[PDB]
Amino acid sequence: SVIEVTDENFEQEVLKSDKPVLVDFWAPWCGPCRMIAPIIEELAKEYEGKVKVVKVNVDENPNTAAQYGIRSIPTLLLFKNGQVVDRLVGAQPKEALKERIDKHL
């Protein structure tokens, strides 16, 4: 359910999306990232039609990571209309994530 996005297609997939986009910045070495991965996948299902959910591997896409100030992972960015409207740093429980996301729908 969760599209993997890279430096190459970030602009098209995230910035030019027709709906808000939740972007999960992660890497294989990150323990907490692996913890939230299934949460993100399940949230993609719940928000089908309302929010697009994508993941970006920061090891493979350091440029996008640097451009958006991703100084630590996990970090979730919520984009709307091509701009960051929320930044969620560190692991957070499903309900806290939903309330933050809901606020922007």
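Residue numbers run from 1 along the displayed sequence.
- Query: Out of 69-77 and 39-47, which stretch has the higher average CA B-factor listed in the record?
  - Reply: According to the PDB entry, the answer is 39-47.
- With reference to the PDB entry, specify whether the mean Cα temperature factor is higher for 27-35 or for 51-59. Comparing averages over the C-alpha atoms only gives 27-35.
- State the tercile, meaning the lowest, middle or highest third, of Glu4 with respect to the CA B-factors recorded for its chain. CA B-factor rank for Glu4: lowest third.
- Lowest, middle or highest third of the chain for the C-alpha temperature factor of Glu13? Its C-alpha B-factor belongs to the lowest third of this chain's values.
- Task: Looking at the entry's B-factor column for C-alpha atoms only, identify whether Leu22 ranks in the lowest, middle or highest third of its chain.
- Result: As the PDB entry reports it, the C-alpha B-factor of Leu22 lands in the lowest third of its chain.
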